[PDB]
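A quick write-up on the structure given underneath.
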Ligand SMILES: [Cl-]
Ligand SMILES: [Cl-]
Ligand SMILES: [Cl-]
Ligand SMILES: [Cl-]
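Residue numbers (PDB author numbering), protein chains in the order written: chain A, 28 to 352; chain C, 28 to 343; chain B, 28 to 348; chain D, 28 to 339.
Here you go:
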């Protein structure tokens, strides 16, 4: 049998870490479906390295890695298109987007062309993203003015600047401390990570913006994957699909529980009004799309495919028009 | 409005050139669905160049090109997997393979990665491929031994070698002359091309092997295509699919009529027996797969993906 | 005439920022040698973004960027070979290695093939790298044991781990606070950066290890550069060479005074013994070279090329055997 | 030990095939300098396939291949810049260009980046290229008008068209028969190939245009090459350099004798004057450079780098 390392973030606690839930289910399913020929050894807590280093590991050694935007975006910045604010109207749309969409199919091939690595699946490990901060209630974009937010990656920085704040990239493993010591005022993440990182200890205000879909990415070493027998490759694919489905089911049924847990720990929870959500969208969405095409140089095809796959084919044209004089 | 060149092979006669049928329907459909914003100008009969040059043209200038294996295989040799002999039991199996298969998705992305150009569709422009020659009837693999065939591309060379014949690449636009002057004894193509090139004038023996699916590939310049608006992109995509369906329907209806035409021009037509067809498969198919895997060195993962698409995993 | 933005780290203070010295000289020289046809506008303080964002900007918009390993290594990890510990015995060895070596020429081509961007030069913006920390004096590799260091990029993590320390990547613009709040015990940089980031206010011990060459990388947008007239391209090349020379001259002259400044601010300055320096090298080199080949997937041809350029070809087989 | 196939065109006859001279010297020197660790098995006469087939072999399997423009140009069209008509005044100009030039270094790196394969050397296997045909003598660019030439690759098609001829790509191994049967009227190659393919039997007219540098390209599978030890890497490099220089010396000394052999077989030879060459340059050079930038998408930067390396 062949044993592969599987690295991911957060503690080996199923209740508190949806990525651990996925990793554990994947280990069980891979070992079963390959009749024990492939075994996974779990390395939680980002113990083998932070995001850049774990990408290097999976690209160059027979292993698996669960990466965030921090790991993947320097190599495939085209993933930024999937984080257009308010791209997905519901969970179903995101599922269809990643499972069958032409854009994501190309993202997968692009990662393989550039590094050899295989993007095997998209792990839902939280609900839609919310904001937290320690300074003041945030109910609308205007309330960001002057604040400094921690960013996972440059796309978060772009969003914060669109709202009047500033942003700084800080690794996940240093985010609690950054917030504790006021290096940053706030961050963004689904309830799952806000709980997992105990961010409620160092953040008072939770804003239910539901601005982006929460995901991480299962990556496999290319040489290993391509040398599998077809039988084992098909087994791995089925195991990934099943574990992915299990995570979607579990995350979605726990979102409201997790938000109420944050309230029960003392966080002040703000539910933006319709107008406030419209303001987040109008301030955030066209500015983000402009950032994609200008600073990030992403061509129209990449964006159009994604919009089609999500069911909002007109957002690019509408953003261009909003700004046309 | 923008006007783009569309280059392709064969004379601009829609009844004798299934590629011109496709190009003409595509032009009509693109102009309609874009309300004139995108116009196509047809450059038939390979007038702008042979296959390599036309690939260079489409890669580097806003334009479209319909390419054969000869033009595409040097850039994406992985397309050879789609030409495994007897891979498709019928037209429907081939359509599902290209329309839905994972392997073809990867081929499309690989072209764009290597050149920027976009592979927009797979044009069915003849029935399954047959053999012609000027030396003797061919009814079994053994009848190839010693003959020298014209090849479109290296994958045909491999197939010919599997049957004991030699093969050499010669452009389509020199194929009539190559056969007339006996630079080669034979070639392979669907009836459509055998008629189109008047090859029955210089070939006597036709073998209905139906050995490979006949296709060509619609390619668009990437810088142009990938900056189109959503409206124009969707229009072109819809036009391509529609034109592709119209070609499949037309080609499939006319295969038997085209064979009849060849017989009328004096070709001696052999329809191999069930047993002879099995022999062609049992010699040609595993030899071709070994050529893919162990001679050309195309990685197994590519091949296995295509076989899964085709419902033929058993072949490897 | 045209105007291009040039982004880089640190304040627009020549005395405290050798990258600003370079940017200022390059601005002056480019304007002069192009007879005003190309003008540079200076964007210091990393104001247009941290390292990843700025690489995206220079790849996709007509502009120039001065990038660190943090910006470039995710795209061209082959640059890690140039940071093998103690690869360069003196500044001159590094100058010829980057200016004309076959390895660096291939790195240049690799960046261009992957992104279109042009690696115009290697800016010397400090002396050789030293260590700082707040916990204890470091004189031998063993003194790293149990410490946690801030890393610019994964190559520093690998070096730390070779000495029994841990490493955490933290952007430059948050490194002072990471040290103040004890997220990390230490970091590594030449005296220039230790001063520029005021790290002496939050670090006590300075070890003069002189372990790696300090550089950053001048990158130009590809479409912009390739569309220049031949005259202007040559003018830019000349300006880059001259500004690079000016920086080498200034940085090298000022290393000792910068160490004096750090001592005067209260840092305890330690020079490892010859035995200890040998131990740093004997432990650091083979571990680093194994990291290049194993974890980073860098093939033998790449490492071989760099070692030949550096006059150190035997290190690869030695790290293997 | 490792036995690698080395594929190339033409018969295993040292006297009649400069590529066999090279391949045989390479085998000898590679096995000596690696103390037997690397052994070559020679496959002359394009036995393992024509140009396209062999390129895929070397890209994907441990092996070596000597490729022409026909094999390399679909993958690295940037090689077309090295074939600008009249780019090189003499052999030494060409040698400096390929040996030291920035443009060629970029070509080498580009092949590796796209395919993993390593371009180890530029083999001189004939003198500068000449024109042959069976229809009429060529002394003026206008003599090409109405002729149909065989092309190795699209760059020859472009050159023929610049002069008013047509061109069609036909593999080397079919060129003799294409000319015999008048599928084509003419072709271009150095005297070495005109002799090797017996083209003098099917061509009457030879013009010593010396219009392009004759080369082929030694390519090695990347996975194999870039994992070599410093010792074996330096050994292969030294063998390639030594064998390359042996070919340059032998080819250059034999050009005049090879031309005389062709005259002795009945070919009518025209040796253009400086004024005649100027007319070919005026009609061929500007059109070719425009074709590079327009149709082939090769940018100004690549072309100017090459012109500088060539001292133009
Ligand atoms: Cl959640
Ligand atoms: Cl047909
Ligand atoms: Cl310094
Ligand atoms: Cl010669």
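Every residue gets a Cβ at the ideal spot worked out from N, C-alpha and C, and that includes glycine.
**Prompt:** Around ligand 1, which residues pass a check of Cβ closer than 5 angstroms to any of its heavy atoms?
**Reply:** A:153, A:154, A:217, A:218, A:219, A:282 and A:285
**Request:** Return no unless some Cβ of chain D is closer than 9 angstroms to the Cβ of residue 213 (chain C).
**Result:** Position 186 of the second chain, counted from the start, is the residue given in the question as residue 213 (chain C). Not an interface residue.
**Item:** residue 332 (chain D) versus residue 137 (chain B) - alpha carbon distance
**Value:** Your numbering for residue 332 (chain D) matches position 305 in the fourth chain. Your numbering for residue 137 (chain B) matches position 110 in the third chain. Cα to Cα, the separation comes out at about 18 angstroms.
**Request:** Evaluate residue 252 (chain A) with the Cβ neighbour count: other Cβ atoms within 10 Å of its Cβ, from every protein chain shown; 16 or more gives buried, anything less gives exposed.
**Result:** Here residue 252 (chain A) refers to the residue found at position 225 of the first chain. With 16 or more other Cβ atoms within 10 Å, it is buried.
**Item:** Beta carbon proximity, residue 101 (chain B) to chain A, threshold 9 angstroms
**Value:** Residue 101 (chain B) sits at position 74 when you count from the first residue of the third chain. So yes, residue 101 (chain B) belongs to the interface.
**Prompt:** Would you say residue 151 (chain D) and residue 267 (chain D) are within 9 angstroms of each other, going by their C-beta atoms?
**Reply:** One-based indexing of the fourth chain puts residue 151 (chain D) at position 124. One-based indexing of the fourth chain puts residue 267 (chain D) at position 240. The answer is no: Cβ separation not under 9 angstroms.
**Request:** Below 8 angstroms between beta carbons is the criterion; list the residues of the region 83–102 of chain B that meet it against any residue of chain A, in chain order.
**Result:** 83, 84, 86, 87, 88, 100, 101 and 102
**Prompt:** Between A:111, A:101 and A:60, which lies nearest to residue 316 (chain A) when the distance is taken from Cα to Cα?
**Reply:** The sequence position of residue 316 (chain A) within the first chain is 289, counting from 1. Ranking A:111, A:101 and A:60 by Cα distance to residue 316 (chain A) puts A:111 first.
**Request:** Compute the beta-carbon to beta-carbon distance between residue 36 (chain D) and residue 75 (chain D), rounded to the nearest angstrom, for a pair I have assumed lies under 8 angstroms.
**Result:** As a position in the fourth chain, residue 36 (chain D) is number 9, starting the count at 1. As a position in the fourth chain, residue 75 (chain D) is number 48, starting the count at 1. Not confirmed; about 11 angstroms, so no contact.
**Request:** Output yes if chain C places a C-beta closer than 9 angstroms to the C-beta of residue 329 (chain A); else output no.
**Result:** Locating residue 329 (chain A) in the first chain gives position 302, where the first residue counts as 1. For residue 329 (chain A), the answer is yes, since a Cβ of chain C falls inside 9 angstroms of its Cβ.
**Spatial distance of residue 121 (chain D) from residue 196 (chain A) (CA atoms)** = Here residue 121 (chain D) refers to the residue found at position 94 of the fourth chain. Here residue 196 (chain A) refers to the residue found at position 169 of the first chain. Roughly 52 angstroms separates the two Cα atoms.
**Message:** So that I know if they touch, is there some Cβ in chain A lying closer than 9 angstroms to that of residue 134 (chain B)?
**Reply:** In the third chain, counting from the first residue as 1, residue 134 (chain B) sits at position 107. So, not an interface residue.
**Unbroken stretches of the alpha helix (DSSP H), 4 residues or longer, contained in the region 127–202 of chain B** = 129–142 and 181–189
**Prompt:** Cβ-heavy atom distance between residue 241 (chain D) and ligand 6 below 8 angstroms?
**Reply:** Here the bound small molecules are ligand 1, ligand 2, ligand 3 and ligand 4; ligand 6 is not part of this structure.
**Beta-bridge partners of residue 215 (chain A), as assigned by DSSP** = Translated into positions along the first chain, residue 215 (chain A) becomes position 188. Its beta-bridge partners are A:158.
**Item:** Contact belief for residue 159 (chain A) with residue 232 (chain A) at Cβ below 8 angstroms, rounded distance in angstroms
**Value:** Residue 159 (chain A) sits at position 132 when you count from the first residue of the first chain. Residue 232 (chain A) sits at position 205 when you count from the first residue of the first chain. Contact holds; Cβ gap of about 6 angstroms.
**Prompt:** Which word fits residue 336 (chain A), buried or exposed, when buried means at least 16 other C-beta atoms lie within 10 angstroms of its C-beta?
**Reply:** For the purposes of this step, residue 336 (chain A) is taken as residue 309 along the first chain, with counting starting at 1. By the neighbour-count rule (16 or more Cβ atoms within 10 Å), residue 336 (chain A) is buried.
**Item:** 4 or more residues per run - each alpha helix (DSSP H) lying fully within the region 80–130 of chain B
**Value:** 96–99 and 118–127
**Request:** Taking only heavy atoms of ligand 4 into account, decide whether any of them is closer than 8 angstroms to the Cβ of residue 278 (chain D).
**Result:** Residue numbering aside, residue 278 (chain D) sits at position 251 when the fourth chain is read from its first letter. Within the cutoff, so yes.
**Message:** Check for me: the alpha helix (DSSP H) holding residue 51 (chain B) runs from which residue to which?
**Reply:** Position 24 of the third chain holds residue 51 (chain B). Per DSSP, residue 51 (chain B) belongs to the alpha helix (DSSP H) from 45–60.
**Message:** Please state the DSSP three-state secondary structure of residue 220 (chain C).
**Reply:** Within the second chain, residue 220 (chain C) is the residue found at index 193, counting from 1. Three-state result, residue 220 (chain C): helix.
**Request:** Report the neighbours of residue 201 (chain B) on chain A: residues whose CB is nearer than 8 angstroms to its CB, in chain order.
**Result:** By one-based count along the third chain, residue 201 (chain B) stands at place 174. Here the neighbours are 195, 197, 205 and 210.
**Rounded distance between the beta-carbons of residue 183 (chain D) and residue 194 (chain D), thought under 8 angstroms** = Walking along the fourth chain from the start, residue 194 (chain D) turns up at place 167. Walking along the fourth chain from the start, residue 183 (chain D) turns up at place 156. Correct: roughly 6 angstroms between the Cβ atoms.
**Message:** Counting only beta-carbon separations shorter than 9 angstroms, does residue 180 (chain B) have a partner in chain A?
**Reply:** Reading the third chain from its first residue, position 153 is the one you call residue 180 (chain B). By this cut-off, residue 180 (chain B) is an interface position.
**Inter-stretch contact (C-beta, 8 angstroms, three-pair minimum) for the region 281–297 of chain B and the region 207–227 of chain B** = yes
**Request:** Could you tell me whether any Cβ in chain A is nearer than 9 angstroms to the Cβ of residue 104 (chain B)?
**Result:** Along the third chain, one-based indexing puts residue 104 (chain B) at 77. Interface residue, yes.
**Message:** Between which two residues does the alpha helix (DSSP H) holding residue 239 (chain B) run?
**Reply:** One-based indexing of the third chain puts residue 239 (chain B) at position 212. Counting along the chain, residue 239 (chain B) falls outside any alpha helix (DSSP H), and DSSP gives it neither H nor E.
**Request:** Check whether the Cβ atoms of residue 142 (chain A) and residue 177 (chain A) lie closer than 9 angstroms to each other.
**Result:** For this step, residue 142 (chain A) is matched to residue 115 along the first chain. For this step, residue 177 (chain A) is matched to residue 150 along the first chain. In this structure, residue 177 (chain A) does not lie closer than 9 angstroms to residue 142 (chain A) by Cβ.
**Request:** Please compile the residues from chain B whose C-beta is within a distance smaller than 9 angstroms of the C-beta of residue 81 (chain D).
**Result:** Looking up residue 81 (chain D) in the fourth chain gives position 54. Result: empty, since nearest Cβ-Cβ is about 23 angstroms, beyond 9 angstroms.
**Nearest neighbour of residue 260 (chain C), chosen from A:50, A:89, A:42 and A:341 [CA to CA]** = Within the second chain, the letter at position 233 stands for residue 260 (chain C). Among A:50, A:89, A:42 and A:341, the Cα nearest to that of residue 260 (chain C) is on A:341.
**Prompt:** Which residues share a DSSP beta bridge with residue 67 (chain A)?
**Reply:** Within the first chain, numbered from 1, the residue matching residue 67 (chain A) stands at position 40. Bridge partners of residue 67 (chain A): A:31.
**Item:** Beta-carbon gap between residue 56 (chain D) and residue 258 (chain D) smaller than 9 angstroms
**Value:** The residue labelled residue 56 (chain D) in the question sits at position 29 within the fourth chain. The residue labelled residue 258 (chain D) in the question sits at position 231 within the fourth chain. Not closer than 9 angstroms, so no.
**Asked** Using the beta-carbon count (16 or more within 10 Å), is residue 209 (chain B) buried or exposed?
**Response** Sequence index remark: in the third chain, residue 209 (chain B) carries index 182 (1-based). Exposed, by the Cβ-count rule.
**Request:** Give the single residue among C:129, C:216 and C:175 whose Cα lies nearest to the Cα of residue 156 (chain C).
**Result:** In the second chain, residue 156 (chain C) corresponds to position 129, counting from 1. Comparing Cα-Cα distances from residue 156 (chain C) to each of C:129, C:216 and C:175, the minimum goes to C:216.
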